[PDB]
Amino acid sequence: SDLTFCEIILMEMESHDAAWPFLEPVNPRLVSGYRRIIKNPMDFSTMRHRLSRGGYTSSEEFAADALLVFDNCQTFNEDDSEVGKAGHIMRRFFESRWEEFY
Ligand SMILES: CCc1c(-c2csc(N3CCNC[C@@H]3C(=O)NCCC(F)(F)F)n2)[nH]c(C)c1C(C)=O
Ligand SMILES: [Mg+2]
């Protein structure tokens, strides 16, 4: 249904060169101040796990999680940091692929 498109998008994000910051949850033990600043963490493997057990009712819920990944990225990382730069590439990728399905 709407979920077949989400499988395609998520697969293509997981394999993207710039996905390396977002494949795994941030470990707050390793990242000073992350727990304080980011209220709702999100990453591609959490989305993949939620998709695998069917925890998305609509495509709009899937997109909310994706946008959360990149909102969190821009909140915590400078736009010219290595992670910020990758997050902009991944955000533009997502917005572009989402639009040529809907
Ligand atoms: C900047 C942290 C961060 C990552 C992320 C995922 S893998 C990775 N890297 C691994 C290899 N190269 C170093 C670099 C790194 O700095 N890791 C943590 C620092 C330390 F202490 F472990 F070295 N960073 N992803 C997101 C979404 C992040 C944030 C805060 O938004
Ligand atoms: Mg937004």
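Participant: It is not clear to me how the packing of helix α1 (residues 2-15) against helix α5 (residues 82-99) should be interpreted in this structure. Could you clarify?
Facilitator: Describing two packed helices takes the angle between their axes plus the distance from one axis to the other. It is the contact of α1 with α5, at a shortest axis distance of 11 Å, that shows an interaxial angle of 155 degrees. If you check the angle between α1 and α5, you find them roughly antiparallel. In the packing of α1 onto α5, the handedness of the crossing is right-handed. On the side of α1, the interface is formed by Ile8, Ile9, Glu12 and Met13, while α5 contributes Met90, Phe93, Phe94, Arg97 and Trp98.

Participant: Is there a simple way to explain the layout of surface pockets in this structure?
Facilitator: Empty space within the largest pocket amounts to approximately 390 Å³. Around the largest pocket, the lining is made up of 20 residues, and of these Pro21, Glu24, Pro25, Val26 and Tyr34 lie nearest the centre. Looking at the lining of the largest pocket, the elements with two or more residues in it are α2 (34-37) and α4 (59-76). The greatest single-element share of the lining of the largest pocket, amounting to four residues, is contributed by α4. Its residues assigned to classes, the lining of the largest pocket shows 14 nonpolar, three polar and three charged.

Conventions used here
Residues numbered from 1 in each chain as written, not as in the entry; some residues may be left out. Chains lettered and ligands numbered in written order. Heavy atoms only, no water. Axes fitted to C-alpha atoms, helices over the stretch in contact; angles between N-to-C directions. Helix = DSSP H or I, 4+ residues; strand = E, 2+ residues; numbered from the N terminus. Parallel < 35°, antiparallel > 145°, perpendicular 65-115°, else oblique. Left-handed = near helix turned anticlockwise from the far one by under 90°. Contact = heavy atoms within 4.5 Å. 1 Å grid on protein atoms, 1.4 Å probe; cavity = no way out; pocket = protein on both sides within 12 Å on 5 of 7 lines; lining within 4 Å. Points joined across faces, edges and corners; volume = space filled by probe spheres on them. Nonpolar A, V, L, I, M, F, W, Y, C, P; charged D, E, K, R; others polar.

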